Structure formats: C-alpha cells, structure tokens
Amino acid sequence: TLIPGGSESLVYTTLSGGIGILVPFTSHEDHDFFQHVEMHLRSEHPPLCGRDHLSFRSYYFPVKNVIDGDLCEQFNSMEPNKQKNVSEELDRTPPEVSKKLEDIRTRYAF
Amino acid sequence: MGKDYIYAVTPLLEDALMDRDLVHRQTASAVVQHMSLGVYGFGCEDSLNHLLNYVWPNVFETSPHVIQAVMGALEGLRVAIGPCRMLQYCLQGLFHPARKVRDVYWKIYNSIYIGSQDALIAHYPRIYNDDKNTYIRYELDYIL
Amino acid sequence: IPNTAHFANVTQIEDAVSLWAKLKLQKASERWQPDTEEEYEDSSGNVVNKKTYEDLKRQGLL
Amino acid sequence: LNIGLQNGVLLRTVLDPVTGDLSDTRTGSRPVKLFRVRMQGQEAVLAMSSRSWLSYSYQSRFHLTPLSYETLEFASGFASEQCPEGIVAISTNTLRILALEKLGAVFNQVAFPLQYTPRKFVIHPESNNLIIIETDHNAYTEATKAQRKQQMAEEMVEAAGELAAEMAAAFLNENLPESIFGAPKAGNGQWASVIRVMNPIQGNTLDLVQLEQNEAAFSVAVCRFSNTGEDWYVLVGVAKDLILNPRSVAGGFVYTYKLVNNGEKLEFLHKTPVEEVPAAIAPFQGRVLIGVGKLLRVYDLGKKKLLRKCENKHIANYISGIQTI
Amino acid sequence: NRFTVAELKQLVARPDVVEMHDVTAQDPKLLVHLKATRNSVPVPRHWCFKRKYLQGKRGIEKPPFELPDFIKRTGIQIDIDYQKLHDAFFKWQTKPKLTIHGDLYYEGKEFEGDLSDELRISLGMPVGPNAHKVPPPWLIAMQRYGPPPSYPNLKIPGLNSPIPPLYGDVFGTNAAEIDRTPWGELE
Amino acid sequence: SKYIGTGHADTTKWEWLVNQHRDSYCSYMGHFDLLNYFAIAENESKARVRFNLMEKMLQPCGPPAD
Amino acid sequence: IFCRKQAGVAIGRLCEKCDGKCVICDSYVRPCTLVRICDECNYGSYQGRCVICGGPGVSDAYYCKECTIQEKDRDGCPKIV
RNA sequence: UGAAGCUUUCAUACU
Ligand SMILES: CO[C@@]1(C)C[C@@](C)(O)[C@H](O)[C@@H](/C=C\C(C)=C\C[C@H]2O[C@@H](C)[C@H](NC(=O)/C=C\[C@@H](C)OC(C)=O)C[C@@H]2C)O1
Ligand SMILES: [Zn+2]
Ligand SMILES: [Zn+2]
Ligand SMILES: [Zn+2]
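Structure (structure tokens):
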C-alpha cells in the first residue's frame, strides 16, 4: 500500500528505470467503462510509430484481463474535437471522463 | 457479442466434431474459426482449448475442403489462444519418422511461424549442446 | 521384471535384463534415501564430527 | 477556486456562476491554510496542513504533491537578488525562506555509493539495517589489484635501462577514481564480490566483508534457527570459478555469519561446500531451504557446517527463486 | 546401419516413449528427445490406420442433442415471457465440463456415513428423531465387532457421536485429525 | 519457401538450430532491455555485446556435418 | 494467383460487382485497412482498375477486419493475375 | 469379441 489510507496494489520495477502498478477493479461498472474507453482509444488515437496497441500488449502471449491505463490517460492530451467524439460514445462529457480517470489513480497511487 | 454464448454451443460442436459426416466436421471447424476470431482479448481460452482438443485429430484428413476448414480454424486459434499452445501441439510431430506426419506438421508450423515470428522467441524449448555444436541460448539464463 | 511401458517392443531376454538394470540404477539414484543421505552431528563431541550417517548416530546414542 | 476545510482534506470548484467540476482528496486533522505562490512563473496555490502540499495543474496534469518538510503556518512568493523566485515560510520559533526547484517530478531521491553491481539485499527486522551483496564479472578484488600494481611496478623498474629515474614511485601513489575513469575490466572468468551492512537513514557503511578473487555471491538471507536461541544469522551463497559462455562452474560455498552487536557486525562462523551454484536461500520453519543448481535441499545449522536434512531431485533445469507460504 | 528398439532404449533418458517406428527416423535421437519435452501433445494416432479418421462403427444410435438444464427449464416445446428468458439465461448460466490442453479425442473415447433420501425411503428406514437412538441395521455389527479399520476417522451416532450428530439423512460424519481469501476480486 | 527460416520434410537438426540461433541473436539486437540484461550480466559495454553478437552471427552451432 | 510484389502508394480499387467484400478472404462483414498495390499493377492503362477483375473501379478496395487482425495486409500486392 | 482396405460396367444420393 503506497499512500496512507489507500488500497493495496502490485508494484513492479523495470530495468530501464520505470516504476508502475497493477491495481484490481472492485466493480463491473468501472471495468466495463474503462474497457470501452480503451476500445475507443485504440482506434481513434493509434500509436505514433505505426504499432497496433492490442498486438503490442500481446507480444509473446495474448493479453488477459488487463486494461492499459497509459493508453487511457492519453485521452486528456487529445484535441477537444476528438475528445468530444470519444466522450459522446460513452454517454458522457470530457470533464466526467477526466474525473473518472483521476479517481482510480488517486485511490491507489499518487 | 458472442463472448456470452460460447459455453452454450460447446457440447453441440463436440457432437458435430465427433460426427462421421465430412460436412459436420468441416462446418464445425468453420464455426470454431469464426468463434475464435470473434472473441479475442475477452478471456475465453478454456472452451477454445477444449475445442482444439477435438479439432486437432482431423489434421490427417485427405479431403481438401475438410483440411481447408481445419487450417482456417487452426489459424483462428493461433490468434485467440496464442502461438505457444500451437507450438506445443506441433513439437512432437515436427521430427516424426513418417513423412506424412512431417509434411502436415511442417505446414502447420510454417503457418504459425509466418504470423507472430517474434513471440516464438519466448516459447522455444531448451535443446542441449552436443559434442560438435552449441545450442543453449546463454543470455536468457542470466540472473540479475 | 514388471510389465510396464518401458519394456515394450523388447523381445529378447538379455536386452530386457540389461534395460531393467539401467532403469533400476536410474530410479534408485533419483530417489531420496535418508539412511545414507543425511548429515547428523552427534553430541559425542557436540562441536565436531558432522560426518555421522543416520546409523552411526543411533550407535553413538544407544 | 479552492476550498480549504479545517481538516486535512480539500475541495475544488471551477470558477463559473455554477460549479462544474468536483474533486476531493483525503490528503491531516489540522486546518488547511491556502496561500498564494508562483510556480513555473505562473499561478499556483500552496495548501498547508500538518503536511504542506502544492496544488498545480500542468497543461491538464493535476498534481497535489507534498513537500519534504514539516508543518508551517504562513507563506507567499519571494524574490531577491539572492534568488528571484521563492517562498517565505514561517514555522514554530522560526523565520524561514524556502524554495522549490524541481520541474514536475513524483519522487525525490537520495543516493549512497556502492562498489560493485548490487544483486540483492535483505532487511534486518530489529535494527532495520540493510545487508547487501555486490558482485561483478571481469573484475579484480582489492588485494589482487594491489598486488598486480606492485607486480607491474617491480617489473617496470627492472626494464634494463638507466635505473636512474623512477616512474614507478609515481605510478604507485595516486589511484585514479574508478567512478570517473572506470574499473579495470580484466579477465574472462574473474569475479569480485562484497558483503555490506548499511544504515538506510544515513549512508554510512557499518560493516564490509570482502571475499576471495574468483568467488561470486548470488543469494543472501537473514534468519533464525530453532535449535539455537534468538540469534540472527546471515547466509551467503557463492559460486566458485563460474564461466558464463560456455557455462562451467567449479563449485559453490555457503558462508554463515552471526550478525552481532545489535545488527552492526558480521563474524564468520563456517563455510559449507556444495557441488553447484546456490542461487536461492529462503528461511523455512526454523531451518533454511537452498536451491543448489537443480536440487532443492533443507539445511539445519550445525557446529561446523550446515547439515542436509531433505532433498528433492525432480526440478527441471535450474532453481532461480524460492518462496514459501 | 540403423538402431534397434532395445539398443535405442539404452541410449535415451526416457525409454517408454520409444516406439516401433522410432528407429526408422532420419534422426531418432532428436525425435525421442522431442517426444519427452515437458509439454507437446503427441500425434493424432490414426496416421498409420488404413480406416482413415472417425466413421468405423454406425451400430450406436444417438438421441437428439439434449438441451442445457436451464434452457430445458425455460419450458420451450401461447404466452411467452422474455424477462424470464433473459434473467434465466444470464442468472441461471452454468459452466459445462471443460477438458485440459493435454487431453485428445479418439473414435472410441465417447463411450469408455451419508445416504440418499430415496434409498433410505426404499430400504424402510425411518427419519432421524430428536433425542433417541435410531441406528441403521449395518451399525449394529459395527457396535458389536468394533470400528472399521479402513476408515478410523468415521463417526457414528451411538458409538462415537452423540445422539442429540443426526440431522436429516446424515447418519455419519468424517472427522479428520492460512488467510485463504483470494486477493483481487470484485465486491 | 521464399521466406528464410522455413522448413520442410528434409530439414535437418543443424539447419533448424542455426536458424533459431540466428533469429535469437537478431531479436537480442532488436530489443533494448534484453541487451541491457546481457551487458549487466557479463559486465561489458553494450556496443561490445552488439559487436560480439554480430560476430557470432556468421557460424553459430559450429561448421556442418561430413 | 496473387501478384504479391512489395507495393507502394497506389490505392487498390474494386468494381461495382464486388464493392465491399475482402480481396483476400472474400468476406461481407466489417472492412478495416485500405488496400495498397504494386506500381506495375497500377502502371499505364491499369490505373484505377478493379483488383479482382481488372474492370473499371468505382470504390476503394479494403482488407476485412479478420485479415488485418491476422496481418494478411502485409503480404504484398493482392492484385489477382 | 475385433481389423470391411482397393477397383469398376454397377445402381442410388449430395453438390
Ligand atoms: C454472381 O456474382 C457474384 C457471385 C460474384 C461477384 C463478386 O461478381 C458479384 O458482385 C457478387 C455479388 C452478389 C453476391 C451474391 C455476392 C455478395 C453478397 O452475396 C449475398 C448473396 C450474400 N448475402 C449476405 O451477405 C447475407 C446478408 C446480407 C444482407 O449482407 C449482410 C452484410 O448481412 C453475401 C454478400 C453480401 O456475387
Ligand atoms: Zn502487382
Ligand atoms: Zn472487378
Ligand atoms: Zn479478408
């Protein structure tokens, strides 16, 4: 547990100097919402150097039960027109999506 | 949308895969292929491995349509189930004494190799050095 | 010699007895035999002699 | 606008005739004081509680980051010929001026230098000291370096030539620092290993045990044995004459130390030989489990060595880790 | 210039994977080594069969593919309920008997202290009373001769278990002489 | 058949093994953190490990049979 | 039967007859990635022609979603010869 | 207990 009064997470460490966490979902609604965010951001905001996002996370084995939150937080850096096109499919506004993204991060990490 | 309905059609596909009629097995293989490519990234690997256990014995089939459907189903399972399982199914036949088994298994292996050549790096089994040649990959044995 | 999958397609006697000797040596080797494989240090000197087997320890403690 | 409560919790509301955004962070039991400051040359609010936080978005990157100091009671921006951009902060029986000059980082770090590549460290449960093992390939030990240098000196003094001007006494005096000029990478099966006891609050080295030339440490553990009292022990697994490519090793050893003086000193007890590299050591039910290459063994503490108690021989290739629940 | 079966069985670390034709391969040592990898299901076993695959016996008569329990409970065979069909399909969903990755299917592989209430009703045994002694007729031999050595941990009411135990059709209980909660799960 | 690394019913052990050794070395050259692992393990510069792998590319597994 | 020479910038086309079905797996469901063809197959009088029946092209040729998932869009010019 | 393959002048069904 990283923050006082927070929840337990799985912290990992990398040979390039990176630090990351994997946190569990507690409800089906959060999981479904983040799954739809990832699905819609895989198409309308593709990786910069020509890679397929689902194929990259399936490099040696297919992905199973993980949502890429580094792709999901790239929503806050898109242009307002595409932010609206993405948000209006989730039946939501961009500020609500931003608040929902910040909630799960501040629940576990900083 | 099919991710919620794979458990319901599995016994029917079992029965059809056990059916003597060529169309029954060919069409069941087509169903397996479409189901595999339909659910991908949704965690349905259990039923798909179960169904592969019934699809695989048909690799020694001479009828062209049946073997075409079997190859399609195998290439769909390569995506839905992963290349590691496919390599595990091909390993013991790659070097069989009979030329028929070797032909079939090398066709399947080449199909697995052309797609996802990079993932196979992490899946190859260990092969020991002989007197003449070195076969161990030593870098992967490093321990920081 | 018991009938197992190891002794299949083997039709000659001496081949069977030699393969049985081989399998016996292999299996007997790969087990854990505590009697000869164990390190006891008896309280005879209590700070020396850790080369005691599992039988010499009983002889010293008898 | 920001809303500070009398507790260590905060609110936020975007300026408009009606609230449009909401975000509350449980980040105190003491009243929040909101003060004006300027970070990055633009506006920011320095919230203050038992701990003092800085709230700043950053091109839509909201950050509520604490600081590495204790409670204050009033502050604002500062500017001088000394430093034109800072803060004037007040504490109990104190008048401070402070500054924050880190461009949006999440961690602050302090560093303590080591000698070789660290492999693994354990934490002493009583003293909270760290027991680290460091090991490098193509490396000399300290003694081997010293004697190799003395060798080169005595050989260059007998170069058969006027024996009248000595570069050898100048070559022996000052050692160029290895953190700047590199360590002499010499040899293919040559190793260098070290065991270190370190205090984590300060950076001081409490104890240092150097090992022989071609011994390489790979595992370390701190535990207690049931047949003994409440004494702590340190076990170090070491390879002997390891070649990596093609792989070849001459053997291995397990060292045992007693970890006395409130977890500050290691004293050698004995040294048990093994026929392969001990790569994993794990305390287990008043005893210890050791992975000796392909073999998994149970070991109890003895008076002259470690006593083998149980063994499994069916693990596939090589044991790289052991964990027990 | 080719091995015999017994000669090749002496060279390999695992002789029970060696077969008749394995000595006729171009590289039998690699073949046997790959046959011993700690994975890698074997060949479909009908490569040498001249009867091809499947077929073989038309003797067996098979009934129509039985519908799953919940679907057959939906009462499909006029007023139709949709919510019942939905809630039942999702809420009543069950997982069928799946098989392991190693397992393979063959032509002949589709054929090869507590008592039930129906057996207790047919045998003529009454129900368990509140505070009395109503043993089964096999318990008198256990009370006379002693406890069974095959199951020493079994408890019977009257001999080892007290009479007030016995509840319903449970006339016996096996008494054999942590933090088991999973880590990340939905609430 | 036109792709390098594919096999057939007459492929030998040597060709298979040198093919997987060669694309293993290329994969090591490609992935940035595998080369890091090796360069930390054997205590060498990364340029030196790259050059060693390129030099090993020529004849991995020794010269062929007969 | 496929040209399969490494392609370039020319955009493959389909005729009115089959508009909207994949060129690899000839499928009627979900198109994904635009088809590129070799320069020789688009040279001269061949520009804009159907990648299946060399007739007049009226729409852009696409690989289906299943083909792009299996990376069957990376195998070369799919003009049928 | 079991092993039902191969061929055509058959004849009959499905694509
Ligand atoms: C005779 O000409 C051919 C055979 C060759 C050709 C390429 O030259 C010609 O253009 C082509 C055109 C007509 C036909 C019959 C081919 C394609 C179409 O066929 C139809 C018969 C199917 N019907 C369906 O798709 C079923 C459902 C519907 C509504 O779709 C969808 C998406 O739900 C599949 C396909 C849409 O057919
Ligand atoms: Zn072309
Ligand atoms: Zn056309
Ligand atoms: Zn297609």
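Chains as they are written, first to last, in PDB author numbering: chain A, 1108 to 1217; chain B, 1161 to 1304; chain C, 440 to 501; chain D, 665 to 691, 695 to 829, 834 to 996; chain E, 458 to 534, 564 to 598, 607 to 658, 681 to 693, 703 to 712; chain F, 16 to 81; chain G, 9 to 89. Each residue gets a CB set at the ideal place from its N, CA and C atoms; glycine is no exception.
| request: Give the range of the alpha helix (DSSP H) segment to which D:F852 is assigned. | output: Taking the first residue of the fourth sequence as 1, we reach residue 852 of chain D at position 181. Residues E849 to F852.
| Could you check where the alpha helix (DSSP H) with A:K1189 kicks off and where it finishes? | Position 82 of the first sequence, counting from 1, holds the residue named residue 1189 of chain A. A:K1189 -> alpha helix (DSSP H) spans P1187 to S1194.
| task | Decide if the segment 40 to 51 of chain F is in contact with the segment 440 to 457 of chain C; the criterion is three or more beta carbon pairs, one per stretch, under 8 Å apart. | result | no
| Which residues bound the beta strand (DSSP E) around D:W720? | Your numbering for residue 720 of chain D matches position 53 in the fourth sequence. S719 to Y723 is the extent of the beta strand (DSSP E) around D:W720.
| request: Kindly indicate which three-state DSSP category E:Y568 falls into: helix, strand or coil? | output: One-based indexing of the fifth sequence puts residue 568 of chain E at position 82. Three-state DSSP puts E:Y568 in a helix.
| said: Out of C:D481, C:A455 and C:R497, which one is the CA nearest neighbour of C:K490? | reply: Looking up residue 490 of chain C in the third sequence gives position 51. C:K490 has its Cα closest to that of C:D481, out of C:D481, C:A455 and C:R497.
| task | Identify the contact partners of A:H1152 in chain E, using a Cβ-Cβ distance below 7 Å as the criterion. | result | Position 45 of the first sequence, counted from the start, is the residue given in the question as residue 1152 of chain A. Within chain E, no residue comes near A:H1152; the closest Cβ sits about 28 Å away, beyond 7 Å.
| Cα-Cα separation between residue 621 of chain D and C:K496, rounded to whole angstroms | Outside the shown range of chain D (665 to 996) lies residue 621 of chain D, about which nothing can therefore be said.
| query | Between the segment 455 to 476 of chain C and chain D, which residues of the former have CB atoms less than 7 Å from a CB of the latter, in chain order? | reply | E469, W471 and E476
| query | When you compare each of D:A863, D:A854 and D:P780 to D:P871 by their alpha carbons, which one comes out closest? | reply | Numbered from 1 along the fourth sequence, position 200 holds the residue referred to as residue 871 of chain D. Among D:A863, D:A854 and D:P780, the Cα nearest to that of D:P871 belongs to D:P780.
| request: On the DSSP bridge assignment, give the partners of B:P1257 in chain order. | output: Residue numbering aside, residue 1257 of chain B sits at position 97 when the second sequence is read from its first letter. Partner(s): none; B:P1257 has no beta bridge.
| Of all Cβ atoms in chain A, is any one closer than 8 Å to the Cβ of B:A1282? | For the purposes of this step, residue 1282 of chain B is taken as the residue at position 122 of the second sequence. Yes, B:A1282 counts as interfacial toward chain A.
| said: For A:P1187, would you say it is in contact with chain D, using Cβ-to-Cβ distances shorter than 8 Å as the test? | reply: By 1-based counting over the first sequence, the position of residue 1187 of chain A is 80. Chain D, which has no Cβ nearer than 8 Å to the Cβ of A:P1187, makes this no.
| said: Using a 10 Å radius around the Cβ and a threshold of 16 neighbouring Cβ atoms, would you call B:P1217 buried or exposed? | reply: By 1-based counting over the second sequence, the position of residue 1217 of chain B is 57. With at least 16 other beta carbons inside 10 angstroms of its own, B:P1217 counts as buried.
| Got a sec? Which residues, its chain only, sit under 7 Å from E:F460 by beta carbon, not counting five neighbours each side? | One-based indexing of the fifth sequence puts residue 460 of chain E at position 3. Result list for E:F460: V480 and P485, in chain order.
| task | Report the neighbours of A:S1123 on chain F: residues whose CB is nearer than 7 Å to its CB, in chain order. | result | As a first step, residue 1123 of chain A is located in the first sequence; it is residue number 16 there, counting from the start. Those are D48, listed as they occur along chain F.
| request: My understanding is that residue 693 of chain D touches D:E886, with C-beta atoms under 8 Å, so please give their C-beta distance in whole angstroms. | output: For residue 693 of chain D, nothing is modelled; it lies in the interval where chain D passes from 691 to 695 with no residues in between.
| Are any of the Cβ atoms in chain F nearer than 8 Å to that of D:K974? | In the fourth sequence, counting from the first residue as 1, residue 974 of chain D sits at position 303. No - not a single Cβ of chain F is within 8 Å of the one on D:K974.
| query | Given 8 Å as the limit, is there contact between the segment 1180 to 1195 of chain B and the segment 1159 to 1170 of chain A, that is, 3 or more CB pairs closer than that? | reply | no
| message | For a quick check, are the C-beta atoms of B:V1192 and B:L1172 less than 8 Å apart? | response | Translated into the one-based positions of the second sequence, residue 1192 of chain B becomes position 32. Translated into the one-based positions of the second sequence, residue 1172 of chain B becomes position 12. Not in contact: B:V1192 and B:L1172 (Cβ atoms no closer than 8 Å).
| field | Neighbour flag for F:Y40 against chain A, beta carbons, 8 Å | value | In the sixth sequence, counting from the first residue as 1, residue 40 of chain F sits at position 25. Cβ-Cβ to chain A under 8 Å: no for F:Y40.
| said: Helix, strand or coil, according to DSSP, for E:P520 in the structure here? | reply: Within the fifth sequence, residue 520 of chain E is the residue found at index 63, counting from 1. Three-state DSSP puts E:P520 in coil, outside helix and strand.
| To which residues of the same chain is G:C46 closer than 8 Å at the C-beta, ignoring the five residues directly before and after it? | Walking along the seventh sequence from the start, residue 46 of chain G turns up at place 38. So the list reads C11, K13, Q14, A15, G16, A18, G84, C85 and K87, once near-sequence residues are dropped.
| task | Kindly indicate which three-state DSSP category D:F741 falls into: helix, strand or coil? | result | Position 74 of the fourth sequence, counting from 1, holds the residue named residue 741 of chain D. D:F741 falls in the strand class under three-state DSSP.
| CA-CA distance, D:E935 and F:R63? | As a position in the fourth sequence, residue 935 of chain D is number 264, starting the count at 1. As a position in the sixth sequence, residue 63 of chain F is number 48, starting the count at 1. C-alpha separation (whole angstroms): 41 Å.
| query | Taking any heavy atom of ligand 6 as the mark, which residues have a C-beta closer than 5 Å to it, listed down the chain? | reply | The model depicted lacks ligand 6 and carries ligand 1, ligand 2, ligand 3 and ligand 4 instead.
| said: Could you compute how far the alpha carbon of D:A951 sits from the alpha carbon of A:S1116? | reply: As a working mapping, residue 951 of chain D is identified with position 280 in the fourth sequence. As a working mapping, residue 1116 of chain A is identified with position 9 in the first sequence. Answer to the nearest angstrom: the Cα atoms are 26 Å apart.
| field | Cα-Cα separation between B:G1236 and B:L1304, rounded to whole angstroms | value | Within the second sequence, numbered from 1, the residue matching residue 1236 of chain B stands at position 76. Within the second sequence, numbered from 1, the residue matching residue 1304 of chain B stands at position 144. Their Cα atoms are separated by approximately 38 Å.
| Where C:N448 meets chain D, residues with beta-carbon distance less than 9 Å | Here residue 448 of chain C corresponds to residue number 9 of the third sequence, with the count starting at 1. In chain order: nothing, as chain D lies at least about 27 Å away.
| field | Pair within 8 Å by beta-carbon distance, D:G695 and D:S719 | value | Counting from 1 along the fourth sequence, the entry for residue 695 of chain D is found at position 28. Counting from 1 along the fourth sequence, the entry for residue 719 of chain D is found at position 52. Not closer than 8 Å, so no.
| query | With 16 other CB atoms within 10 Å as the buried threshold, where does D:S747 fall? | reply | Here the question's residue 747 of chain D lines up with position 80 in the fourth sequence. Exposed: under 16 other Cβ atoms inside 10 Å.
| request: List in chain order the residues whose CB is within less than 5 Å of at least one heavy atom of ligand 2. | output: G:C11, G:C46, G:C49, G:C85 and G:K87
| Cβ-heavy atom distance between B:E1235 and ligand 4 below 7 Å? | Taking the first residue of the second sequence as 1, we reach residue 1235 of chain B at position 75. B:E1235 Cβ: outside cutoff for every heavy atom of ligand 4.
| said: Please classify F:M72 as buried or exposed, where buried requires at least 16 other C-beta atoms within 10 Å of its C-beta. | reply: Position 57 of the sixth sequence, counted from the start, is the residue given in the question as residue 72 of chain F. Sixteen is the threshold: since fewer than 16 other Cβ atoms of the shown chains lie within 10 Å of the Cβ of F:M72, the residue is exposed.
| request: Compare the beta carbon distance of D:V712 and D:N666 with 8 Å and say whether it is the shorter of the two. | output: Along the fourth sequence, read from residue 1 onward, the residue named residue 712 of chain D stands at position 45. Along the fourth sequence, read from residue 1 onward, the residue named residue 666 of chain D stands at position 2. Yes; because the gap between Cβ atoms is below 8 Å, this pair is in contact.
| query | Does D:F924 come within less than 8 Å of chain A when only Cβ atoms are used? | reply | For the purposes of this step, residue 924 of chain D is identified with residue 253 of the fourth sequence, where counting begins at 1. Output row for D:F924: interface = no.
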